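To begin, one chain is listed below as structure tokens, in the form deposited in one PDB entry.
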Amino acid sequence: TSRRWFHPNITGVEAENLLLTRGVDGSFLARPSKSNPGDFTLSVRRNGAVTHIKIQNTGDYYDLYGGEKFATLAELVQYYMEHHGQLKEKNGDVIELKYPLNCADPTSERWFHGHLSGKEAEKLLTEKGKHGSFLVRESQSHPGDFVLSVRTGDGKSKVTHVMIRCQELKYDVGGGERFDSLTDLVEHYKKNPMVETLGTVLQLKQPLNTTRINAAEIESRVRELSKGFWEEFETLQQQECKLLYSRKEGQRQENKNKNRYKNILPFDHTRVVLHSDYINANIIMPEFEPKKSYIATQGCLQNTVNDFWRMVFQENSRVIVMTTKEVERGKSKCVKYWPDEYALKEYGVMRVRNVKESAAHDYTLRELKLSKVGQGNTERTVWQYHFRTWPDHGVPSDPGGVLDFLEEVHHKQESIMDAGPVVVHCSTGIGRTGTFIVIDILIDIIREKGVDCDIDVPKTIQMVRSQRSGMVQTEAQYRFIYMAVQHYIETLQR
């Protein structure tokens, strides 16, 4: 398993070479296509030759040229390596994705930090670590070898330093097996822990945090990532293998047209269940180590408008965030789910009346009135915030537009006591939707705990992606979350 078939920094040249040398027919690998931010390439050996297949991620999905569309590259591979999945060529014959060709490079791992000091290691471990926290860094005393550092357990706690020797392309600790990549070695002692002769077990629980920062020191972090963003984004993307939960309910043939794209589905364990019980959406509630919940969803189709309002209804949601400026093109349907001003409309047994539109600059706010037909006592106010100034390509160049908006959504939500989840949507309800939610969770924490709070951008996202697949799609979205957060900080300090 894992994303070992992902190669962060090889080339089309090296890809073909690796595939023709240490690869057989059916072998394959993935690599960022670079050149265009969001592009990827899946290189495949079939007829004793390598073929290259574009994968496009603009803001909303991973599009396999040739195949279909997915929420994460992991899910893409899973679907073809296992499951019903057949990549068909121009003719109509199969392109077999049998054998992941594993990457030896450990750069995109949370535990690998490269050139770091030996005291700087203990520096971090002491401050930001707990039991079973660990990291792998380049040796400098030898050098060339590696040092694995673990925190075990003042005085009750300690730190230990295991030298990893690189010899003839193979890795080892000083005894026992030797390994093909660092990841192999780490993944092996994660499962078969080392034991000290005096009984101390060397648990490699979780890697140490290099992304958790003090909200005050944000200007002095962005510049670092700028000056890298994509370097932190790939380490994020590499976690996506622990989040391949089943999405069975969406794959039902009776539920297939209720989805925009048949392979972009909600997790079974967090899907919204109706009571015909199916809508492409998941609850998102933020957990850490009372609050405000969200629902992430796709913009309703011709055949789900009704179910959309049942959801809004049964979930007591009183705020709706529509992140797209306009209802979708003729491609893949979508509908207008709200009444014109001073109008009312009935979506099945759900009636909704538009009592006031307020046109701002970045957004229209529509005060609506939701109720079941026949039950004027079920009526409640629902607030549709419709963001209008999100570019067709990329992300806004000004983060203030989205911040104000979000500031306004927060206040509306907090205005109502005991309201349900905030409903946030876009075309797929993973890219744009996930961007808005993450920023709204980050800012809430800064609102709550002031500018002196430690915050972790990728942990927050990974935490979200556990509840709906592929929340935040692109490096562009990642970096925008950092700019928006940073922007809120330097206005908050005033």
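The first residue of the shown sequence is 1; numbering continues from there.
*Asks:* As recorded in the PDB entry, how many deposited residues are without coordinates between residue 227 and residue 228: none, 1 to 3, 4 to 9, or 10 or more?
*Replies:* A long stretch, 10 or more residues, is missing between them.
*Asks:* Residues with no coordinates between residue 153 and residue 154 in the deposited sequence, how many: none, 1 to 3, 4 to 9, or 10 or more?
*Replies:* Some 4 to 9 residues are missing between them.
*Asks:* Do the CA atoms of 444-452 or those of 28-36 have the higher mean B-factor in the entry?
*Replies:* Averaged over C-alpha atoms, the B-factors run higher in 444-452.
*Asks:* Taking only the CA atoms, which stretch has the higher mean B-factor in the record, 467-475 or 481-489?
*Replies:* On average, C-alpha B-factors are higher across 481-489.
*Asks:* Taking the Cα B-factors listed in the entry, which of 250, 85, 286, 391 comes out highest?
*Replies:* Comparing C-alpha B-factors across 250, 85, 286, 391, the top value belongs to 85.
*Asks:* Which one of 122, 268, 414, 341 shows the top CA temperature factor in the record?
*Replies:* Within the set 122, 268, 414, 341, 122 shows the top C-alpha B-factor.
*Asks:* If you rank every modelled residue in this chain by C-alpha B factor, which third holds residue 185: lowest, middle or highest?
*Replies:* Residue 185: CA B-factor falls in the middle third of its chain.
*Asks:* Ranking the modelled residues of this chain by C-alpha B-factor as given in the entry, is residue 434 in the lowest, middle or highest third?
*Replies:* Lowest third, going by the recorded CA B-factors of the chain.
*Asks:* Residue 206's Cα B-factor: lowest, middle or highest third of the chain?
*Replies:* It belongs to the highest third of the chain when residues are ordered by C-alpha B-factor.
*Asks:* Looking at the entry's B-factor column for C-alpha atoms only, identify whether residue 457 ranks in the lowest, middle or highest third of its chain.
*Replies:* For residue 457, whose C-alpha B-factor we compare with every modelled residue in the chain, the answer is the lowest third.
*Asks:* By the record's CA B-factor, is residue 428 among the lowest, middle or highest third of residues in the chain?
*Replies:* Ranked within chain, residue 428 CA B lands in the lowest tercile.
Just so you know, the form deposited with a small molecule bound exists too; it's not on screen, but the next bit is about it.
*Asks:* Pick from 96, 109, 367, 315: which has a non-hydrogen atom within 4.5 Å of the small molecule in the deposited complex?
*Replies:* Contact with the small molecule in the deposited complex is made by 109 alone.
*Asks:* Would you mind picking the one in 101, 236, 305, 350 that has a heavy atom within 4.5 Å of the small molecule in the deposited complex?
*Replies:* Looking at the other structure, the residue within range turns out to be 236.
*Asks:* So in the deposited complex, is the small molecule close enough to residue 46 to count as touching (4.5 Å, heavy atoms)?
*Replies:* Contact check for residue 46: no, nothing within 4.5 Å of the small molecule in the deposited complex.
*Asks:* Give a yes or no for residue 384: in the deposited complex, does one of its heavy atoms lie within 4.5 Å of a heavy atom belonging to the small molecule?
*Replies:* Answer no; every heavy atom of residue 384 is more than 4.5 Å from the small molecule in the deposited complex.
*Asks:* Give a yes/no on whether residue 462 approaches the small molecule to within 4.5 Å in the deposited complex, heavy atoms considered.
*Replies:* Yes - in the deposited complex, heavy atoms of residue 462 and the small molecule come within 4.5 Å of each other.
*Asks:* With the cut-off set at 4.5 Å between non-hydrogen atoms, does residue 231 touch the small molecule in the deposited complex?
*Replies:* Contact with the small molecule, yes.
*Asks:* Looking at heavy atoms inside 4.5 Å, which stretch does the small molecule contact in the deposited complex, given the options 205-213, 306-314, 277-285, 369-377?
*Replies:* Looking at the partner contacts, the answer comes out as 205-213.
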